[PDB]
């Protein structure tokens, strides 16, 4: 019943985001057509999705129902026709849209970075890999509260496996990807840590397009792109230290980007370090 949303009570307000396969929009859900209603975010598959995209969409909805964390977008229910995913409305939107138009100090960024690590440490503990950990998928509720907002590429990791074998896709976030994902198509929990390293780089660069990983890696050059990127990352080459980033944080990022996945810190490890770093800055 509270998980049941009828189309008849859903009024589209605006668009919230769009990926290759899905679409997120803001709706007002008012069953009493008065004012005691609520704002919800409604995710739907776009027209033209393959059978494997539809079966994965069922798994995604099941995944979000399973996840309960202060730093994970709350599942609210479904809208059945095809199926639409109903979630809570996280008002300030994504950090990719938020940061270039806002004033957020270093201590606040480090708080966001710590909360991402908290939700991510819970995700891994629930035996799931995210695979799309970037600033566009982290949502801001208020100046003190972030939520991992999209699980489109999330996957369960079987019984005693430390990695998940992935399929070659031209749609995948290549510049957020660890070398083991690009060369061997292997996604470990450690591969998400690498993406967190890239996410932290994005926050410290205010999600400025001119300083983006895409632009910096293009400059660093001097599937052919993926091939040259793997050599770059194996040579030991990394993203530059952002002007604003203190050396201890750049170290944290570099540890997150250790070439060998086993050597990278765990999300459970990152939470205290970041809490300290955030506490130190003010």
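Residue numbers count along the first chain shown, from 1.
Where residue 81 is followed by residue 82 in the displayed chain, the model omits 4 to 9 of the deposited residues that sit between the two.
Unmodelled residues of the deposited sequence between residue 222 and residue 223: 4 to 9.
Remark: stretch with higher mean C-alpha B factor among 135 to 143 and 154 to 162 is 154 to 162. When the two stretches 212 to 220 and 45 to 53 are set side by side, the higher mean Cα temperature factor goes to 212 to 220. Residues shown: 169, 97, 180, 192. Highest C-alpha temperature factor in the entry: 169. The entry assigns its greatest Cα B factor, within the set 232, 64, 256, 39, to 232.
Among the modelled residues of the chain, residue 125 sits in the middle third by CA temperature factor in this PDB entry. Sort the chain's modelled residues by C-alpha temperature factor and residue 92 lands in the lowest third, per the entry. For residue 175, the recorded CA B-factor ranks within the highest third of the chain. Only modelled residues enter the ranking. Among the modelled residues of its chain, residue 69 has a C-alpha B-factor that falls in the lowest third, as given in the PDB entry. Ranked against the other modelled residues of its chain, the C-alpha B-factor of residue 28 as given in the entry falls in the middle third.
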